[PDB]
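Notes to accompany the following structure.
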Amino acid sequence: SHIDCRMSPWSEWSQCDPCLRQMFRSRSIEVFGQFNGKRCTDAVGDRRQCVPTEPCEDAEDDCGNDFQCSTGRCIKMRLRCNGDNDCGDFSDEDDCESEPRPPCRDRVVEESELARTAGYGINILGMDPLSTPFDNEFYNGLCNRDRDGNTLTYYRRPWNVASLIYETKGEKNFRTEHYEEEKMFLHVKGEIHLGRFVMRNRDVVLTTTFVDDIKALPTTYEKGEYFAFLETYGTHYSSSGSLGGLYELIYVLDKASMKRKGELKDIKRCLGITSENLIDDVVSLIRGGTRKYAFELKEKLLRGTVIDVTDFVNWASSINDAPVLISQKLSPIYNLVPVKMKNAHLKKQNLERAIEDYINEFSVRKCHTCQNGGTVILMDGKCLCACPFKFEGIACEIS
Amino acid sequence: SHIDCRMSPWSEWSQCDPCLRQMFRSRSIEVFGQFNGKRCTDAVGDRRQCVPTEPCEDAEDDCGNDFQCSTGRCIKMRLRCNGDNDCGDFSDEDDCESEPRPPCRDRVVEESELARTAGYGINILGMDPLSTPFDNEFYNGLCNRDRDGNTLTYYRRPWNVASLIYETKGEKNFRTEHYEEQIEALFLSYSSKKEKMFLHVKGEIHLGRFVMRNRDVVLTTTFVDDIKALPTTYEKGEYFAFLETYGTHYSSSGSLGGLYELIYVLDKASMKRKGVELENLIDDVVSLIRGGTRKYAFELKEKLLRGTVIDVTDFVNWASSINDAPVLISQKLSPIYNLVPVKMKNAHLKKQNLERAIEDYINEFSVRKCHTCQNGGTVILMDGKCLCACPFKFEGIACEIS
Amino acid sequence: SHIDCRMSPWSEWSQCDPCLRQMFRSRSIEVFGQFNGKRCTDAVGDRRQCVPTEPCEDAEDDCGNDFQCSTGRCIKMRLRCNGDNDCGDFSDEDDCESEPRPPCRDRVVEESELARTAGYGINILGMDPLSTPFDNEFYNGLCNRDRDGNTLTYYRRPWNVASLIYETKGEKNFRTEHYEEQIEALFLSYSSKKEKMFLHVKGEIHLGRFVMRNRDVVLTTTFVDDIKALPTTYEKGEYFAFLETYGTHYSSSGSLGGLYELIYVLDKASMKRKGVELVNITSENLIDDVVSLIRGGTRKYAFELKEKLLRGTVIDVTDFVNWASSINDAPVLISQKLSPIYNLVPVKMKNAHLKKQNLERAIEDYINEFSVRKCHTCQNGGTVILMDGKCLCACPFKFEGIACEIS
Ligand SMILES: *[C@@H]1O[C@H](CO)[C@@H](O[C@@H]2O[C@H](CO)[C@@H](O)[C@H](O)[C@@H]2NC(C)=O)[C@H](O)[C@H]1NC(C)=O
Ligand SMILES: *[C@@H]1O[C@H](CO)[C@@H](O[C@@H]2O[C@H](CO)[C@@H](O)[C@H](O)[C@H]2NC(C)=O)[C@H](O)[C@H]1NC(C)=O
């Protein structure tokens, strides 16, 4: 049967760490859950506030030659009269003596909907409550810019974006492969690429929240607190990626079932069925584009219309409204630790430890194998099995 | 099992290099892991803040006979009050009290987006195009111009662009091959039926061709500042970070345009044999379109995935929109290190190190150090892991089965 | 195996060029990287800053009684005060404040774009046209008006272009060939059906020829400056970069025009084959291959015609005329007479002859150094092609692969 959560008490309770004023704790989680059994919900480490064991050492260094930005994110003093909110709170612009001289002194340029989102954090297991640690609204007082050819609108390239390239690149693929001696496969893939981005490797400007949480992390391997940070910002960020939207469909039969369910010439005529049912529940995936267009696309195609070229074009236009990531290269978020931060490298190593422990703990091997065979899966808080090869039950108990 | 990725140890720390106030370590990627081995997402470089051993030998230097802007670029005095932005800045222009004589002296002339974006940086891995290292708003106080041609409008050619012709070409190739064979006959007897058709359609539009000046080039202030920040001692991770920020090459010339292609292939067979001694089907269709605006490109993508003969109006609409959204349909690569300016501190040493960094980057991300495909499929170095693909029935994460 | 490309060792460093503050190295391309080896993208030459070992022998010269502009060009005094910009940045005209006299007395004259672009630079490697090295905005104080001919608009012929004649020509050339056979017959026996068709169509339009002036020719300031900024010693990479930015030749004459072309070929064969050794075979193969090309003219008409051309559709002459008329707006250099770019290196310049010779030699080495000759042979005698930094061959038959290694 399903297995309920199994847990341990906190195995440790720390000293009242000097700058933190907390007695942190560590516990363990023994079994999240299995076969849809009751997930665990407790934190893998508690903590307690406490009067600190010693005076805090932060003694924070002022910006000095840099502008004394209200949030402490020191900036080139020239950026006080930026007119550009290089400080976190316009205190640059407010401390300018009403001497506006914005970047793109004469030119007209906008801010990209996408570049604000560029440099997505990613939990390799999930997704992050704050999409980016990058503050993609810094410009260092430049106005590098790219043109959307679809509108001739210029957008500023925010300083963390080392490259931005809008590019129409449509791809579509349709494949069928079928043997009997017996199998059938049908595949459809549709990629609407929209643009490349690349993130700067150096001098990145982060959100004040992120550097505050880096100050909140101790130089100790505060494993549970490091995990709490990591779930705030993911295991990696994306340093390059392709944005836009995609859809994907497959239809798969036995070769004998293909000939009965079939005429392949009618299937092609639907590409370029009304008497059949089993053609209806094809696999379908849509990502990006405004949900209305994806819904009506599904409602037509699952009812087995021919391919509505106009609905596909309308969804592609909707991708301009609701773009999504198509592919990325990831880099671990510890690379974002500012090199001048106190104990920066130590915190970076403790982050690498946290990452490795994250992988080690949430590997599916924490749960049992299925009661007969097939695939074991981990859902968040509980494992399960799936066995589509004519097996059944929450553990594939039946075949 | 598959083999997960693996990495070397870290190097020792470098010395604490002056001015940059850091020490560094290096860590080669031993294996990416074929067979869907666990990815190596992790950084090859490490760096730590350090108090330097000795005073900073300043990277900054004087510009005597040249106006030193607020950006670090020093320009000939003739370019002050030139009316053009010659520094990525207006420190050359905001000072100006009088006689802002523009070098295009009372003639109408536009910017060209072809010129502004010309010279794209390129990562040789995947040929991914990148922002141009050149500053294409600098005109050296000249007024070289040519016509956009299809419209009778002149645009000003930026100093970094030595040529930019606007030749209209249209090309289109259409090829079809079809084969059917039947053979009938140890004593051996045959019944076999084979059917193959190959249909290949590709068409090209050329918008123009640029060529880059390569001596006296003027580069973005960010790019030269990043070269200043680059360490002299070949800290490989920092050089790889630079190469990924800017790519390893720039297009020193290329054609802008737009492209589309369509392939249809079918093989169908019924093979049998008997003898005396003492069905499979594959179809695939792929349509690719590059450049032009979304609407027309994707409408053609639909109308080309259909076998319907396209309306020439749609083709011409896409062709026109290619002027709005061209693609670098071809380029000639030049190594990015040639853009490293002479007359800069350790510039030649940095060039040496950049060449070594490009070598190591190509090697360190070589698929060559991934295990073979089982059935000889094309081995793919994806992000941090290796795999292979096979066209034949042999299939799976290494084509292990069939 | 693939064969990774290979390069020479660096040459020795040159001496420091006393005026150029620089020293240089050369590096031959030993092997291009056949069979999709490593690409040899690395630079053929390298240069290093040097504090010079001796004083510069200055590159400036005294033009004497000639006006010496803000740019290095020197011009005869009468060209001052022309109203025409006879030098860089009107410096010949900013030298003038009173009694301006345009040689186009009492009239306005159009600037011809075809004259402005005439004298295209050319690189022999793909015959790509580069920009004209000529300064076609120099009239030398003349007002030679010519008609556009396709239009009555009169334009002032610039001094460099000795002739621009709208010697209009139009051509259409058409050929079709059709061949068909049916043949019916240890030993081998076969019966066959065979059909061959070829169709070839090209049309040319000529808008006119330019002839560049043999003598007294005035060049752009950047061109002459780039000849000044040249090592005087032979320095493979520095002259190669010059030829790469200007081309090894210029059109001393050329015809502007437009061109379209359509090729259609069909080959169809049917074979039946039976063999006996001291088998029965049936085969059908069809090959159908169509290519359509248009060059010049405005995109709208060029592409509309080219699509209507590619289809079996009969072209309405009105659209063909609209394209041929738009060729007046966007011509293409359909032909040229090539002169070596070093013939533009002006006599009466410091080391002029030596730089001529050095460019001659650099062009020699450039032809040689990027010669496909040193690629490996094709395995099936297909055409070896030098790509950017890698070399291969292609073959049209069933023998196929990156070197046609299989069939
Ligand atoms: C040699 O092979 C021929 C095919 O490869 C074969 O022709 C076939 O004959 C069938 C009747 O026996 C007929 O139904 C089928 O259409 C077919 N025809 C063609 C054009 O392929 C010949 O009969 C065979 N020769 C002998 C002597 O058996
Ligand atoms: C030359 O071009 C004209 C214009 O396209 C063609 O004129 C057509 O002539 C046919 C009869 O030959 C008529 O049926 C059409 O109505 C005409 N069209 C127009 C617009 O007038 C003419 O046919 C062409 N001739 C040749 C030999 O190609």
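Quick reminder, even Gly has a Cβ in these numbers, built from the backbone with ideal geometry, and neighbours come from all protein chains shown. What follows draws every value from the coordinates through simple rules; no lab data is involved.
Here are a few things to note about the model shown:
- The range C:337-354 residues that are more than 16 Å from C:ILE124 (Cα to Cα), paired with ones that are in a loop (DSSP other than H, G, I, E, B) (beta carbon under 7 Å, 6 or more apart): C:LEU344/C:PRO133; C:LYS350/C:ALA59; C:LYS350/C:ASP61; C:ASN351/C:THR232; C:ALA352/C:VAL345; C:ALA352/C:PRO346; C:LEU354/C:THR232
- Residues located in the range B:8-25, provided they are within 12 Å of chain A (Cβ to nearest Cβ) and in contact with a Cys (Cβ under 8 Å, 6 or more places away or on another chain): B:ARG21, B:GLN22, B:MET23
- Residue check for C:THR318: β-branched (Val, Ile, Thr) and either surrounded by 17 or more Cβ atoms within 10 Å (Cβ to Cβ) or in a strand (DSSP E or B) (or both): no
- Among the residues of the range A:349-390, the ones that are buried (at least 18 other Cβ atoms within 10 Å of the Cβ) and either assigned to a helix (DSSP H, G or I) or not β-branched (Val, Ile, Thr) (or both) come to 13 in all.
- Unmet requirement for B:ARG48, which otherwise passes all of (1) surrounded by 16 or more Cβ atoms within 10 Å (Cβ to Cβ); (2) part of a loop (DSSP other than H, G, I, E, B): (2)
- For A:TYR251, the stated conditions do not hold, so it cannot be described as part of a loop (DSSP other than H, G, I, E, B) and more than 26 Å from B:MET127 (Cα to Cα).
- Residue in the range C:73-85 that is among the charged types (D, E, K, R), under 20 Å from C:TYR154 (Cα atoms) and in a strand (DSSP E or B) present: no
- Residue among B:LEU114, B:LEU125 that is under 17 Å from B:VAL211 (Cβ atoms) and either outside any strand (DSSP E or B) or facing another protein chain (nearest Cβ under 10 Å) (or both): B:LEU114
- Pairing each residue of the range C:300-316 that is within 16 Å of ligand 2 (Cβ to nearest atom) with any residue that is outside any helix (DSSP H, G or I) and of a type in the set (A, V, I, L, M), provided the two are 6+ apart or on different chains, yields C-beta distances under 6 Å for C:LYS308/C:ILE315; C:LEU309/C:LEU262.
- Among the conditions (1) assigned to a loop (DSSP other than H, G, I, E, B); (2) within 23 Å of C:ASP89 (Cα to Cα); (3) not small (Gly, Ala, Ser), the only one that B:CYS56 does not satisfy is (2).
- First in the range C:171-193 and over 30 Å from C:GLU204 (Cβ atoms), second anywhere and hydrophobic (A, V, I, L, M, F, W, C) and not in a strand (DSSP E or B), Cβ under 8 Å, 6 or more apart: C:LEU186/C:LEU278; C:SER191/C:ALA185
- For the range C:247-292, filtered to residues that are among the acidic types (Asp, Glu) and more than 16 Å from ligand 1 (Cβ to nearest atom), the residue that is nearest to B:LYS196 (Cα to Cα) is C:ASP288.
- Taken as a whole, the structure leaves B:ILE205 outside the set of residues that are more than 21 Å from A:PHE197 (Cα to Cα), more than 10 Å from every other protein chain (Cβ to nearest Cβ), touching a helix residue (DSSP H, G or I) at 6+ places or on another chain (Cβ under 8 Å) and among the β-branched types (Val, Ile, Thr).
- Among (1) more than 10 Å from chain A (Cβ to nearest Cβ); (2) in contact with a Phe, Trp or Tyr (Cβ under 8 Å, 6 or more places away or on another chain); (3) over 30 Å from B:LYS393 (Cβ atoms), the one test that B:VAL276 misses: (3)
- For the range B:196-217, the condition holds for at least one residue, the condition being that it is under 23 Å from C:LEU293 (Cβ atoms), under 23 Å from the mean Cα position of the chain (by Cα) and surrounded by fewer than 16 Cβ atoms within 10 Å (Cβ to Cβ).
- Across the range A:232-258, the qualifying residues are those that are over 19 Å from the mean Cα position of the chain (by Cα) and buried (at least 16 other Cβ atoms within 10 Å of the Cβ), and the one among them that is nearest to the other protein chains (Cβ to nearest Cβ) is A:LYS255.
- Residue within the range C:295-316 that is within 16 Å of ligand 1 (Cβ to nearest atom), out of contact with any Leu (no Cβ under 8 Å at 6 or more places or on another chain) and not hydrophobic (A, V, I, L, M, F, W, C) present: no
- Selected residue (only one of B:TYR234, B:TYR190, B:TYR239 is assigned to a strand (DSSP E or B), among the hydroxyl-bearing types (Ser, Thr, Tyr) and more than 16 Å from ligand 2 (Cβ to nearest atom)): B:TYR190
- Count - residues of the range A:342-371 that are more than 8 Å from chain B (Cβ to nearest Cβ), of a type in the set (A, V, I, L, M, F, W, C) and within 30 Å of A:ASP58 (Cβ to Cβ): 4
- Number of positions in the range B:39-56 that are under 36 Å from the mean Cα position of the chain (by Cα) and more than 10 Å from every other protein chain (Cβ to nearest Cβ): 2
- Test: B:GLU171 is within 16 Å of ligand 1 (Cβ to nearest atom) and not in a loop (DSSP other than H, G, I, E, B): no
- Number of positions in the range A:162-193 that are within 27 Å of B:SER321 (Cα to Cα), touching an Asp or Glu at 6+ places or on another chain (Cβ under 9 Å) and either acidic (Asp, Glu) or more than 8 Å from chain B (Cβ to nearest Cβ) (or both): 5
- Residue in the range A:86-94 that is more than 30 Å from B:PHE90 (Cβ to Cβ) and either aromatic (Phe, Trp, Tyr) or in contact with a helix residue (DSSP H, G or I) (Cβ under 6 Å, 6 or more places away or on another chain) (or both) present: no
- The range A:321-336 - residue that is more than 30 Å from B:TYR296 (Cβ to Cβ) and more than 10 Å from chain B (Cβ to nearest Cβ) and, of those, surrounded by the fewest Cβ atoms within 10 Å (Cβ to Cβ): A:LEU336
- When B:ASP62 is tested against (1) surrounded by fewer than 21 Cβ atoms within 10 Å (Cβ to Cβ); (2) within 14 Å of chain A (Cβ to nearest Cβ), just one condition goes unmet, and that condition is (2).
- Residue check, A:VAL306 more than 9 Å from chain B (Cβ to nearest Cβ), surrounded by fewer than 18 Cβ atoms within 10 Å (Cβ to Cβ), among the hydrophobic types (A, V, I, L, M, F, W, C) and under 21 Å from the mean Cα position of the chain (by Cα): no
- Matching entry among B:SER91, B:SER8, B:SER26 (being surrounded by 19 or more Cβ atoms within 10 Å (Cβ to Cβ) and in contact with a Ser or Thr (Cβ under 9 Å, 6 or more places away or on another chain)): B:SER26
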